[PDB]
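Chemist:
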Amino acid sequence: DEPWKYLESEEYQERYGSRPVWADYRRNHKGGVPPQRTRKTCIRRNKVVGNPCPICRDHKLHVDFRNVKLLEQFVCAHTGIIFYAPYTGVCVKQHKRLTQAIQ
Amino acid sequence: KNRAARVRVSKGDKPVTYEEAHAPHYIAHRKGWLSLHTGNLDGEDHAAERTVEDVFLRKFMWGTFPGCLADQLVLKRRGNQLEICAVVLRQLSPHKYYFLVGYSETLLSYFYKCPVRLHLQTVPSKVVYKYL
Amino acid sequence: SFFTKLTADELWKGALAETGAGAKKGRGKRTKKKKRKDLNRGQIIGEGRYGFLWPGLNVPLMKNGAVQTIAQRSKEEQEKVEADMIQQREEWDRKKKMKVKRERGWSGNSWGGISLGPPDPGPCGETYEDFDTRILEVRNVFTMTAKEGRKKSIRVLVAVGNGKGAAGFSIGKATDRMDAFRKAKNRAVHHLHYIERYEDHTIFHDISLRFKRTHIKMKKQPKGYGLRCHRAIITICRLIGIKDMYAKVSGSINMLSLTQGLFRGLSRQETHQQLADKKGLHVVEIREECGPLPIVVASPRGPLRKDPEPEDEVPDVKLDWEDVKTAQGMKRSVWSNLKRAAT
Amino acid sequence: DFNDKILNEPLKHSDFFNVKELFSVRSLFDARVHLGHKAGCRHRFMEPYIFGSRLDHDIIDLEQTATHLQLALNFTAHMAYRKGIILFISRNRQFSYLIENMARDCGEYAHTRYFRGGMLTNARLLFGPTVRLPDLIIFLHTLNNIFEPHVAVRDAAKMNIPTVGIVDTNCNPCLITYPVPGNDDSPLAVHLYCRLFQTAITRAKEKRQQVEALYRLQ
RNA sequence: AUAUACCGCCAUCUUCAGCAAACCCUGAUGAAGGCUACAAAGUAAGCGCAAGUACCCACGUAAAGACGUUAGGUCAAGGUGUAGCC
Ligand SMILES: [Mg+2]
Ligand SMILES: [Mg+2]
Ligand SMILES: [Mg+2]
Ligand SMILES: [Mg+2]
Ligand SMILES: [Mg+2]
Ligand SMILES: [Mg+2]
Ligand SMILES: [Zn+2]
Ligand SMILES: [Zn+2]
């Protein structure tokens, strides 16, 4: 659904819980510290890459300025500064999309 | 160090039966013989056939009552008549039990040209002597 | 011959070769293992390639209240039943051999970030599902013996916590991995270390200590700071229930001494309420978000002191050249501030 | 909840079971409780309880002695009125007969013989899954024959049990909850402590029985 | 062919007496150890020893003789994993 009612729909609450979306995702990478820049994108030529980020794997989710409670959990409620893409677990493409969306 | 018809001591998670536990040198001291015939006695004969066809009986009945028994058998051959005694569990149906009873008894009688009988003792869970 | 044939379990033993030189001494083999299989449980006792229909075992004995008769299974029916049995065996084999996905903790093939779930209930009966467990370290200790020689003894260290400031670590040694896990879990759930925290997510103030040639420094931080600490430290913080701090470890690196000194410091940290009770002064917190406003946090339970503390100028205080450098900004390192994983 | 009210009633009262009238410094000096081992037998943590020394012999502070003894008797009688289990220990063989006799007379129990390893820690496997471990430990002799701290104080400090031991100049009152300075070796002191504990626990029991009888009436 | 896959069966110290699941404790919670009887942290399942059984006894002799070492011997008692002739 293009609107944001998929969030209020119960599949979201049973699939996530009280935690954020990024909390479920985890990165597979080299030893020790991970890379400092996430992948360029998760989808290419109508094809998804292995180990995609949550916003990209859940196609029903739609990033937009209006879904305030969907894009609020990334930025700290107590610190107005957004987290970085290696933190949130998402690729740089949708990360930048969400940055201009929140702005 | 001798290894003969004996169970190795494990951590303590191996239920064992009386004969399955006890050693083969107490067969007369703290056990009984599985079979009772006279071919072993002096003057008799055909003991080789007795033993061979007893082994065959044990194997055949073990494999025609598979998964139900929980111990070795008891042979009892009085003159002509043969008797076998077994212990089994009660997971399958008495229908199958009696059907196989009749089938096996008829096969044994027709094969050995001998009157034969067989008895079974039901158990919910196989009796264990010790935890080895 | 049929007399030469025998039962199953002995053939299974002879094929698996559980006992031998191959396994003894711990040399083992090149990770080839034929798994146990049970053929007798699978197929029903009734049917063979000759498809006689048995009313006693293979078919229900009565039909329409009418006795049944011995009958023959046709060619196509026998073949279809055999195909169904082939499919069933394939299904069983697939379900037997599959992937096993234990959560990736600190890294693959490592017992660092894995939880075994809460401890088992006590004998008197005490279920502690609220407790969550983690495994700090797993190592293979080896001591020799005259009889056998090199015998391996798995040593493991574990920690458990509520997430409510109450936790505890322990150690467990045994020849078996699962048994050592269980023993260490019981020892931890018995031996508990509780610690207080300031606002449910931070320590009371910055701490610095050493323990067995192991220097550690805890640094209090405000909200939204995160847990940028050693992996063991962040695991124990998750278990305790504190959500953000900083910690630095230098000198030697040994996990058991690390945890021991950590619990020692976090237990010796003195509550500011008791500090005011001992001093006779009111606590006052000041933030960067909040302006010049005195935030009273605690007061002495006893009577307030009459006169205030005298100002302490140029006090004798031991501190860290590293923090001095970081405060002056002269410090440089590529490895200090990175975009590490989430918390 | 009236049961909880009755349980809490003795708390707010101070000297509620009349334990003070039992003892006085006269009786202590008569029983020679003020004695102490030589200065060579002195102990750091025992320093503050030493009022002084003479002829290389140490003297106990009798005011602090009476204070700690009052607190000990009050605590003992409190959980006796609460039916809290009590357990006596004394490794000294000099008074095993007397200790066991007075334990029988009181109804509370004791262990004078050799203490076994982990008798308290592993008591579940020793005795059974369901066993009510004691609620208070007390010590007529804190140290053993070789003069080490008896393992029972360690066991109690571990498993959260309160402890009340009479501490001599050689003893370690750190682990004890209500350590009462005194004379471990003198038979006068031993008999005095025996009679005091007997009277105390007996009065606590009698008071419990009369309170519960009054409640049954009401 | 592989006893260097093994089962099964035995030599070995053994003309030993230790082996030990399951708990606790000490060492700063390390590898490890846990003994003092006028006794100080060890408790012990179970196995074995032993006892009893066999010969003429209760002694004696046989039998029994664990945990493990020798990648000990034996794919040739027999079967069987792997690789081969087929
Ligand atoms: Mg021999
Ligand atoms: Mg990996
Ligand atoms: Mg060899
Ligand atoms: Mg013997
Ligand atoms: Mg012999
Ligand atoms: Mg060899
Ligand atoms: Zn993407
Ligand atoms: Zn003394």
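Chains as they are written, first to last, in the deposited numbering: chain AO, 53 to 155; chain AC, 36 to 167; chain AD, 88 to 430; chain AB, 57 to 274.
Even for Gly, the Cβ is constructed at its ideal location relative to N, Cα and C.
Ignore the nearest five residues each way along the sequence and tell me which others in AB/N228's own chain have a CB closer than 6 Å to its CB.
Modeler: Numbered from its first residue, the fourth sequence carries residue 228 of chain AB at position 172. Answer for AB/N228: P205, listed in chain order.
Chemist: Shortest alpha-carbon distance to AB/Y170 belongs to which of AB/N201, AB/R160, AB/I194 and AB/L181?
Modeler: The residue you call residue 170 of chain AB lines up with position 114 of the fourth sequence. Closest option to AB/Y170, Cα to Cα, is AB/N201.
Chemist: Quick check: is any heavy atom of ligand 7 less than 8 Å from the C-beta of residue 32 of chain AD?
Modeler: Past the edges of chain AD, shown from 88 to 430, lies residue 32 of chain AD, and the structure says nothing about it.
Chemist: For chain AD, check one thing: does any of its Cβ atoms lie closer than 9 Å to the Cβ of AC/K94?
Modeler: Reading the second sequence from its first residue, position 59 is the one you call residue 94 of chain AC. Cβ-Cβ to chain AD under 9 Å: yes for AC/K94.
Chemist: Considering Cα atoms alone, identify which of AB/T219, AB/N216 and AB/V236 is closest to AB/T225.
Modeler: For the purposes of this step, residue 225 of chain AB is taken as the residue at position 169 of the fourth sequence. Ranking AB/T219, AB/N216 and AB/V236 by Cα distance to AB/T225 puts AB/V236 first.
Chemist: Could you list which residues in chain AC have their beta carbon closer than 7 Å to that of AD/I222, in chain order?
Modeler: If you number the third sequence from 1, residue 222 of chain AD lands on position 135. Under the 7 Å cutoff, chain AC gives no residues; its nearest Cβ is about 24 Å from AD/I222.
Chemist: To the nearest angstrom, how far is it from the Cα of AO/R78 to the Cα of AB/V220?
Modeler: Looking up residue 78 of chain AO in the first sequence gives position 26. Looking up residue 220 of chain AB in the fourth sequence gives position 164. Each residue's Cα considered, the two are about 56 Å apart.
Chemist: Please specify which runs of the beta strand (DSSP E), each continuous and at least 3 residues long, are wholly inside the region 155-234 of chain AB, giving them in chain order.
Modeler: 165-167, 192-197 and 219-223, all fully within the region 155-234 of chain AB.
Chemist: Pull up the CB-CB distance for AD/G138 and AD/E164, whole angstroms please, since I reckon it's below 8 Å.
Modeler: Residue 138 of chain AD sits at position 51 when you count from the first residue of the third sequence. Residue 164 of chain AD sits at position 77 when you count from the first residue of the third sequence. 7 Å between Cβ atoms; contact.
Chemist: Is AD/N196 a contact residue of ligand 2, with contact defined as CB to any heavy atom under 8 Å?
Modeler: For the purposes of this step, residue 196 of chain AD is taken as residue 109 along the third sequence, with counting starting at 1. It does: the Cβ of AD/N196 is within 8 Å (strictly closer) of some heavy atom of ligand 2.
Chemist: Flag AD/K405 as yes when its Cβ comes closer than 8 Å to any non-hydrogen atom of ligand 7, and as no otherwise.
Modeler: Here residue 405 of chain AD refers to the residue found at position 318 when the third sequence is read from its first residue. No.
Chemist: CB-CB under 8 Å to AO/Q146, same chain, minus the five flanking residues each way: which ones, in chain order?
Modeler: Within the first sequence, numbered from 1, the residue matching residue 146 of chain AO stands at position 94. These residues qualify, in order along the chain: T93, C94, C105, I107, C108 and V115.
Chemist: Under 5 Å, CB to any heavy atom of ligand 7. Which residues pass, going along the chain?
Modeler: Qualifying residues come out as AO/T93, AO/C94, AO/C108 and AO/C143.
Chemist: Chain AC partners of AD/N127, CB-CB under 9 Å?
Modeler: Along the third sequence, one-based indexing puts residue 127 of chain AD at 40. Here the neighbours are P101 and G102.
Chemist: Could you tell me if AO/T140 is buried or exposed, where buried requires 16 or more neighbouring beta carbons within 10 angstroms of its beta carbon?
Modeler: Residue numbering aside, residue 140 of chain AO sits at position 88 when the first sequence is read from its first letter. AO/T140 is buried by the Cβ-count criterion.
Chemist: With burial defined as no fewer than 16 other Cβ atoms inside 10 Å of the residue's Cβ, what is the status of AC/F91: buried or exposed?
Modeler: As a working mapping, residue 91 of chain AC is identified with position 56 in the second sequence. With fewer than 16 other Cβ atoms within 10 Å, it is exposed.
Chemist: When DSSP labels each residue in this structure, what does residue 8 of chain AC get in the three-state scheme?
Modeler: Residue 8 of chain AC is absent from the structure shown; chain AC starts at 36 and stops at 167.
Chemist: Shorter than 9 Å from the beta carbon of AD/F89 to some beta carbon of chain AC?
Modeler: By one-based count along the third sequence, residue 89 of chain AD stands at place 2. With 9 Å as the cut-off, AD/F89 counts as an interface residue toward chain AC.
Chemist: Name, going along the chain, the residues of the region 67-90 of chain AC whose beta-carbon falls closer than 9 Å to a beta-carbon of chain AD.
Modeler: Residues passing the 9 Å Cβ filter: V87 and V90.
Chemist: Let me check understanding here. Comparing Cα to Cα, which of AC/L135, AC/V151 and AC/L127 lies closest to AD/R128?
Modeler: Here residue 128 of chain AD refers to the residue found at position 41 when the third sequence is read from its first residue. Checking every option, the nearest Cα to that of AD/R128 belongs to AC/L127.
Chemist: Which one of AB/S109, AB/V246 and AB/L199 has the shortest CA to CA distance from AB/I232?
Modeler: Translated into positions along the fourth sequence, residue 232 of chain AB becomes position 176. Nearest C-alpha to AB/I232: AB/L199.
Chemist: With distances taken from CA atoms, which of AO/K148, AO/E66 and AO/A75 is nearest AO/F117?
Modeler: One-based indexing of the first sequence puts residue 117 of chain AO at position 65. The shortest Cα separation from AO/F117 among AO/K148, AO/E66 and AO/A75 belongs to AO/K148.
Chemist: On the three-pair Cβ rule with 8 Å, is the region 244-257 of chain AB touching the region 80-97 of chain AB?
Modeler: A contact exists between the region 244-257 of chain AB and the region 80-97 of chain AB.
Chemist: Taking AD/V276 as the reference, give the member of AD/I323, AD/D263, AD/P208 and AD/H317 with the closest Cα.
Modeler: Reading the third sequence from its first residue, position 189 is the one you call residue 276 of chain AD. Out of AD/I323, AD/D263, AD/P208 and AD/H317, AD/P208 has the C-alpha closest to the C-alpha of AD/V276.
Chemist: If I'm right that AC/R112 touches AC/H72 with Cβ under 8 Å, what's the distance once you round it to whole angstroms?
Modeler: Taking the first residue of the second sequence as 1, we reach residue 112 of chain AC at position 77. Taking the first residue of the second sequence as 1, we reach residue 72 of chain AC at position 37. So it is a contact: roughly 5 Å between Cβ atoms.
Chemist: Grab me the residues of AD/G338's own chain with a C-beta within less than 6 Å of its C-beta, minus the 5 sequence neighbours each way, in chain order.
Modeler: For the purposes of this step, residue 338 of chain AD is taken as the residue at position 251 of the third sequence. Result list for AD/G338: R300, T301 and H302, in chain order.
Chemist: Less than 8 Å separating the Cβ of AD/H278 from some heavy atom of ligand 8?
Modeler: As a first step, residue 278 of chain AD must be located in the third sequence, where it is residue number 191. No.
Chemist: Of all Cβ atoms in chain AD, is any one closer than 9 Å to the Cβ of AC/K49?
Modeler: Counting from one through the second sequence, the residue named residue 49 of chain AC turns up at place 14. It does not; no Cβ of chain AD falls within 9 Å.
Chemist: Would you mind listing the beta strand (DSSP E) stretches within the region 65-133 of chain AB that are 3+ residues and don't spill past its ends, in chain order?
Modeler: Within the region 65-133 of chain AB, the complete beta strand (DSSP E) runs of at least 3 residues are 106-110 and 113-116.
Chemist: For ligand 3, any of its heavy atoms closer than 8 Å to the Cβ of AD/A95?
Modeler: Within the third sequence, residue 95 of chain AD is the residue found at index 8, counting from 1. Checking the Cβ of AD/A95 against ligand 3 gives no.
Chemist: Is the Cβ-Cβ distance between AO/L59 and AO/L122 less than 9 Å?
Modeler: Walking along the first sequence from the start, residue 59 of chain AO turns up at place 7. Walking along the first sequence from the start, residue 122 of chain AO turns up at place 70. Yes, these two residues count as a Cβ contact at 9 Å.
Chemist: Taking the alpha carbon of AB/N130 as the point to measure from, which residue in AB/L63, AB/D112, AB/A260 and AB/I145 has its own alpha carbon closest?
Modeler: Taking the first residue of the fourth sequence as position 1, residue 130 of chain AB is located at position 74. Checked all of AB/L63, AB/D112, AB/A260 and AB/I145; the closest Cα to AB/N130 is AB/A260.
Chemist: Take AB/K94 and list the residues in its own chain whose beta-carbon comes closer than 8 Å to its own, dropping the five residues that flank it on each side.
Modeler: Locating residue 94 of chain AB in the fourth sequence gives position 38, counting from the first residue. Result list for AB/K94: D112, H113 and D114, in chain order.
Chemist: Which runs of the alpha helix (DSSP H) at least 4 residues long sit entirely within the region 322-396 of chain AD? Give them in chain order.
Modeler: With a minimum length of 4 residues, the continuous alpha helix (DSSP H) runs that stay inside the region 322-396 of chain AD are 342-355 and 359-366.
Chemist: Does the beta-carbon distance from AC/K165 to AC/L124 come in below 9 Å?
Modeler: Here residue 165 of chain AC is taken as the residue at index 130 of the second sequence, counted from 1. Here residue 124 of chain AC is taken as the residue at index 89 of the second sequence, counted from 1. Going by C-beta atoms, AC/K165 is not nearer than 9 Å to AC/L124.
Chemist: In or out: AD/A233 buried (at least 16 other Cβ within 10 Å) or exposed?
Modeler: For the purposes of this step, residue 233 of chain AD is taken as residue 146 along the third sequence, with counting starting at 1. That one is exposed.
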